[PDB]
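**Student:** As they sit in the full assembly, here are the leading chains:
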Amino acid sequence: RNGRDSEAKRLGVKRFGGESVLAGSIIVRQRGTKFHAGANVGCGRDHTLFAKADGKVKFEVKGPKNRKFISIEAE
Amino acid sequence: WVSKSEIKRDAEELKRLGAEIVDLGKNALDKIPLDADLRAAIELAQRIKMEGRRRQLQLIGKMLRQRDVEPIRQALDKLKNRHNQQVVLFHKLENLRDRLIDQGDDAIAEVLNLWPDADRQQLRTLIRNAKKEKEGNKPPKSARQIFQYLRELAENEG
């Protein structure tokens, strides 16, 4: 009776460090907020991070709680 | 816990009721206590045809899911009871006529028991005429007269 199957949400990280991205590109697909947007990174309603400008995605740890932050630099 | 099989069966029953009320005539619709919106939807379903009619019937059933159905079921039950009584009377008349044509004296006795006022002489004459018509491939005038006489006797009894 149990074990009913449901299509996966295809979450994960789409863009990794060292890869240039364009404005509006989706960086990471997450259900909650595992990573927090920083400079040049915007967060949508579905807790999805996107790039507002061209650059290379970067990841840093900041804040009192040491939460992981995703930021983009124009390089 | 509600079984989805039971839910599907209930939906099928609701759709059957919707189709039956749609098929019903104008007088039946007037008699049945239907709301204005449901009446308009039923009229639209009757006007339309093809898959549109079936999907409008599906809408009718979906609305009936929430709307009460007991008055509608009662009205349909009484109308069907009247129709079935009429059909059963017609079937009894037809079977009695067939038995009169086939057997003879036994059917005459049955007719007399059902209606004491029935004329044995007239029934015998009509049966003999029907047998002669059957033998001579003549029109079933005797059979029609027997049917009319039985209908008159039934009306008098009722």
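**Tutor:** Right, received. Where do you want to start? Numbers count the residues shown, from 1 in each chain, chains lettered A, B, ... in the order given.
**Student:** tell me which element residue A:64 falls in.
**Tutor:** Using DSSP states H and E, residue A:64 maps to neither a helix nor a strand.
**Student:** For it, give its distance to residue A:41.
**Tutor:** The gap separating residue A:64 from residue A:41 is 20 Å, by CB to CB, to the nearest Å. In this view, the C-beta of every residue, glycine as well, is placed from N, C-alpha and C.
**Student:** again with residue B:138
**Tutor:** Distance of residue B:138 to residue A:41, given as CB to CB: 101 Å.
**Student:** can you check residue A:56 too?
**Tutor:** To residue A:41, residue A:56 is 12 Å away according to CB to CB.
**Student:** In terms of packing, which of residue B:138 and residue A:41 has more residues around it?
**Tutor:** Using other CB atoms under 10 Å in any protein chain shown as the criterion, residue B:138 and residue A:41 rank with residue A:41 on top: 22 against 12.
**Student:** Drop RNA strand C onto that structure:
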RNA sequence: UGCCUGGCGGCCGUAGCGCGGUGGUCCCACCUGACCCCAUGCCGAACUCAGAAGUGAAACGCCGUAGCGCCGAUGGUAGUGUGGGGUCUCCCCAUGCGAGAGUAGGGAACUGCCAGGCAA
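**Tutor:** One more piece, RNA strand C, placed on the ones above:
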């Protein structure tokens, strides 16, 4: 140039807690009244207005204290990719990488900018 003070950031538990001492020259805080601005599902509690009379108790800044919390090697160990062996539902050999915990040790902070008091 520094003993100090308040704010703006990086780093964020070597960065936070337990104990004692240390400060009113400026700043900070406490404090007085709120008639008026301000608001309490009631209150100057919270916030705000005019003062600083009075003080450094609480908090706040500094120092010592290792008692915690925390970081933390080296080596070893578990594990594991590659090609093999065996008493092959498990283990071992050559090679590469390499844990967690614990130990020695560190540790009770560092740093850039602005503005004010002291002596220079």
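**Student:** From the structure, what's the count of residues near the residue in chain B that RNA strand C sits nearest to?
**Tutor:** Closest approach between chain B and RNA strand C, counting by CB to the nearest atom of the strand: residue B:66, at 35.6 Å. Neighbours of residue B:66 under the rule other CB under 10 Å: 7.
**Student:** Spatially central residue for chain B, please.
**Tutor:** In chain B, the centroid-proximal residue (CA atoms, centre = their mean) is residue B:83; its distance is 3.6 Å.
**Student:** Chain A now?
**Tutor:** Mean-position check on chain A, CA atoms, centre = their mean. Result residue A:28 at 3.2 Å.
**Student:** pretty sure that residue is in a strand, no?
**Tutor:** Yes: counting by DSSP: H, G, I helix; E, B strand; the rest coil, one finds residue A:28 located in a strand.
**Student:** Another chain to add, RNA strand D:
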RNA sequence: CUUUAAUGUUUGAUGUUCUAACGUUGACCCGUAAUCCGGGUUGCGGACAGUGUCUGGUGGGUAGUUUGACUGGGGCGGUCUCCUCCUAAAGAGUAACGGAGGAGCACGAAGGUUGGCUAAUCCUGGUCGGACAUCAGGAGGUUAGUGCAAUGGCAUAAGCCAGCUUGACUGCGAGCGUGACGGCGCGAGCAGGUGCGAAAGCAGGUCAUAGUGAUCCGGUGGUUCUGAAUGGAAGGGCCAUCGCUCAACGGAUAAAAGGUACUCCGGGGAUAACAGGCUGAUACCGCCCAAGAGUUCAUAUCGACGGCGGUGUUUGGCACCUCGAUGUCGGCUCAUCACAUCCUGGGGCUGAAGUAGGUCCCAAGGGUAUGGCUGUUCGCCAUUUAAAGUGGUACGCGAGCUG
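**Tutor:** So, slotting RNA strand D in with the rest:
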């Protein structure tokens, strides 16, 4: 004109009487040596009956069809869409009739903005009140809460309270994610007009995933877009929206339940039943530590609590050969071989005085029945002996015969 009254017109529902239509397989006469048929007279019923079209109902008697898919033979039992966790092997994705559970809502606010605020568990004091109501203080740092089952996240609070509004608006949307595709989601940014806020700025719904259904067709509002000669209208085309547990949920019809041993056709050991093979839970047998029984004394004889070993003699699973044919249980003739030996033969121990016995080793050279019970293999009973042994050979033998 609403309302009434005498004559005169149209007639309809209804009753009676009549016959000229209509039937006479009633009688008489002729064509006619004629039970057919036609023609002339009469009687019988007579606008009845029936006939042709339509219509209401009945109508497996007849004609055309359906009765989906997964399933540890098949039926029954359970499921057909979406969401959360593990299996799912540290990108994504990944099956099972695997294990745990939910959804087909709801909110004119529970949405946007501005401002402010921060719970569980316990201790202390206090009228009902008591461990657990509410009040004050103490540690706390998310264990609270975040409408719905679950997951992650939420201190800037995505949590709670208060002032205003509907940005839950219209026309687009670069650039991406996700699937083979239809399709679905994110998305900075441009034009118009708005809500909050003095403002930087936020608002294109709900902290975030399920709450949904393509296409055809129809319903409502707008559009001279077209409207088959002209001027219109009807009908069409487009924009906005509504209509399906089409739950068989990527949905073949608007419309469909079962048997065939009277069946057939083309195939499948892709797929079963008897036999073969693998495997060995179960079944039989042997043994180990050993509590204990055995008049004391464990192993003369049994021997629980546990485990270890051989076989396929019953019950188990795959169907790997076989459905272009392997004839599947018993009886007879023919029998073959192993010893886990019934007796005969040689031996050990004995709770073995002797005959008669209890247990174990070697030895298969040899023998190893008849009747009743069932079809029976097998097993029970009665009678004799030395016994009337256990097993493998398609549970031997239907290319031997009767079922």
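**Student:** circling back: now the residue nearest to the centre of chain B, what's its secondary structure?
**Tutor:** Here residue B:83 is recorded as helix under three-state DSSP.
**Student:** so where do the strands sit in chain A?
**Tutor:** In chain A, the segments counted as strands under DSSP state E are A:12-13, A:20-21, A:26-29, A:36-37, A:41-43, A:49-51, A:55-62, A:67-73.
**Student:** so does the last one get close to RNA strand C?
**Tutor:** So the one you mean is strand A:67-73. No: Strand A:67-73 lies out of reach of RNA strand C by CB under 7 Å from any atom of the strand, never closer than 8.4 Å.
**Student:** Can you list the strands that that strand pairs with?
**Tutor:** strand A:36-37 (parallel), strand A:55-62 (antiparallel) (DSSP bridges).
**Student:** Okay then, goodbye and thanks.
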